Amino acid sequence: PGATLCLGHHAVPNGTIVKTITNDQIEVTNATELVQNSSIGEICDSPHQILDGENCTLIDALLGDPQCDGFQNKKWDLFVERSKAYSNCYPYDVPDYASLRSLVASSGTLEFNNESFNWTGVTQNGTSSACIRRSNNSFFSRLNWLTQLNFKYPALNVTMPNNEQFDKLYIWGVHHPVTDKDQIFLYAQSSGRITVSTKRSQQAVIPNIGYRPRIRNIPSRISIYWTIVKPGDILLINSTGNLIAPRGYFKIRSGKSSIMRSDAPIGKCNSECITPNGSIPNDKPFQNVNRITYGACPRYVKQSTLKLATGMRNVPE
């Protein structure tokens, strides 16, 4: 009689379909998903330092819009800008807004050091009803609106050396009055001129007097500019009207900081990978949640699923 000995392998009743080099559908005993396709719908506050912009854009927090006063000197790994954010101070624009936003985001700090600029012959601390702080007329916290004093505005020629071992970031502006009248009332001469310079740079701006469409009922504007001043270098403000002066400088750092547009709520949780949709687990090598990411994240791909076989070919009985 003897015996029979058969060699074999397992199988399951519920196999999973995977792709190979030659087959776009072959059944294996088991597989695991390689594409993360969901988020938990909130941005975990850990382990990255999250700064929720709330009603403030980073630029508004920078300039010191009154609703953004709570942001002074704060740092972040990730600044989160909300789609509902809005400005509520003096209407302004920033040529190359995108680059200023980027370089501040990347710096990761709103650390501001006041400096005593020699403003002689002008009225300091100009305010407006378009920028209300604690029920009073006010202005951007980091900016100093200079106007005429005793119907004069003499020529400014103010120097500020950088004797630090870090770069200094200066934010300053030009006011564009609505009328030749308003121009004289504010600065005593018909034509403003601002020159901001360093050893290695010079930015010259002439105001443009005229009407713009009203924003929050204001038809005038401020244009915002920036200047970086390195160690051993010097900031020179050579102006004859219309200057919105810096009160000091922002530190610029380097590191891992960024900014992200998202309306996802901040949660009390811990997740390495942030997308605008919310934090995502990072166990999988790939993800199709969002091309925008921050932290230790799976790589964005177009596929919604990629199944890695973790077992043999399934050959049911």
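Each residue number is its position in the shown sequence, starting from 1.
Chemist: Decide which of the stretches 71-79 and 133-141 has the higher mean C-alpha B-factor, going by the entry.
Modeler: On average, C-alpha B-factors are higher across 133-141.
Chemist: Higher mean Cα B-factor in the deposited model: 286-294 or 54-62?
Modeler: Taking the mean C-alpha B-factor of 286-294 and of 54-62, the larger value falls to 54-62.
Chemist: Whose C-alpha has the highest temperature factor in the PDB entry: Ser87, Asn150, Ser99, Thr227?
Modeler: Most elevated C-alpha B-factor of the set, per the entry: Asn150.
Chemist: Based on what the PDB entry reports, which of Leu110, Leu156, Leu103, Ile171 has the top C-alpha B-factor?
Modeler: Comparing C-alpha B-factors across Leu110, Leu156, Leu103, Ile171, the maximum falls on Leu156.
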